[PDB]
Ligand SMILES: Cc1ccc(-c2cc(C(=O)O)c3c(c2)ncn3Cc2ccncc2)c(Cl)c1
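Only one chain comes next, encoded as C-alpha cells, the form solved without this ligand.
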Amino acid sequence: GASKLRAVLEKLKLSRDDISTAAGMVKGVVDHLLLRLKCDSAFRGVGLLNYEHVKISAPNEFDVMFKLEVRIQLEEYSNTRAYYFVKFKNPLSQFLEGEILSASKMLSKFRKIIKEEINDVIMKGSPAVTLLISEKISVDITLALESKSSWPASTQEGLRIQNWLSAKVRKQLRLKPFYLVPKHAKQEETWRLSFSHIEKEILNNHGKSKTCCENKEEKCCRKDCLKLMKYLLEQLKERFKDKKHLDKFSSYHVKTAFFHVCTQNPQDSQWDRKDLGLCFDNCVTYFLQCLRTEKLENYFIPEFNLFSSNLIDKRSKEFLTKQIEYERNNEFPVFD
C-alpha cells in the first residue's frame, strides 16, 4: 500500500502552493506587531524564531514564536528537568515578583500590546495569543525568552545525534541559544525549555551525507515519514474530536518519536525512497511502542517523559494504539 502513502503525500504538497498566499498575510500582521512591541521598553529586543505548521493538515493555521533576548539565572522547578523559574544576575523590572520574572505579568502586557495593535482581526499559556486574520487564516503567537548561555544541565545527555549527524554538529548546535516559553507546571510562573530552532535545523539538514536529497542517488524518505506521521495523528484527532481521548496528543509527540527513530537508524541507506512503505511502517511501529510502554523521552531532555502517567492517561494511549493499529492493518482508510 506504499502507493497510497504517496497519494497522500501528493495532496499534502499541492495544498502548499495553495497556501503560500496565506503565509504572506501572516508576515504582514507579524511585522506590524513587532514594530509596536519594539517601541515598548520591556520588549525592545523582540524578534522572530524559526511561519511553521504544527498541524500539517491545517495549512491555514500558522505558529509564530516571538523571541526576546534577556543574562539570567535559572532555578529548576521541583526537579521537573524542563520547567524553571527565571531569576536574574533591567527592562523587565516591571514583571518581577520577588526575584522571579513573572510569566503572568509579562504575558499580560504581551497580550495587551497585541490586542491593541490588532485593532488596525481578532484575538482568542503556551500559545499566548491566537489571531484570526480575515476569517480563514489563524496564527498562534508564542513568546519566548532567549538565553545565549550554555544549555541547562538537564540537556547534557540529550540530542544524541553523534552517530547520525555527527558530534561536531552536536557541539555546533549546543553553542546556539536556548529558549523558554511561559508554561504552567502541574505553578503559574514557570518557563519550559524550547528548542524549536534546533528541531528545524535537524529536520532540514537531516542526512548523514551532507548531500542527502540533493541528487537522485541520495533521495531519502525521512521528511515524508514525519509528514505521514503528523497527518495520521491529525486525521485521527479530527475523526474523534468529540470524544476528546486524543486531545492531549500533539504533533510534537509524533515529531519526538521520529527524532528517536532517526537516532536508531542513522544511515541514509536505511531511508531509501524505494522503501517508503516499510520506513513509514517502522515509524508507526515505534510510536506504538512508545504508547504501549508509556515512554517518550523529550529529545533534548531525556529525563522528561512526554508519555508519563502524570501527563497522559493510559486509556488515552490504549485508544490511540487501537485506532492506529486498525489503520495500519487496513491500509490507512483514515487517509481519505
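Residue positions are given as counts along the sequence shown, with the first one as 1.
Beyond what is shown, the protein has a form solved in complex with this ligand; the following relates to that form.
This ligand in the entry with it bound is not approached by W271, whose heavy atoms all lie more than 4.5 angstroms from it. Remark: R192 counts among the residues lining this ligand in the entry with it bound, judged by a heavy atom distance of 4.5 Å or less.
Among heavy atoms of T256, some come within 4.5 Å of this ligand in the entry with it bound. Among heavy atoms of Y299, some come within 4.5 Å of this ligand in the entry with it bound. For the options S102, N265, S196, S147, the residue carrying a heavy atom within 4.5 angstroms of this ligand in the entry with it bound is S196.
In terms of contact with this ligand in the entry with it bound, the residue from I202, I137, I72, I118 that brings a heavy atom within 4.5 Å is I202. With contact defined as any non-hydrogen atom lying within 4.5 angstroms of this ligand in the entry with it bound, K55 is the only contacting residue in 44 to 67.
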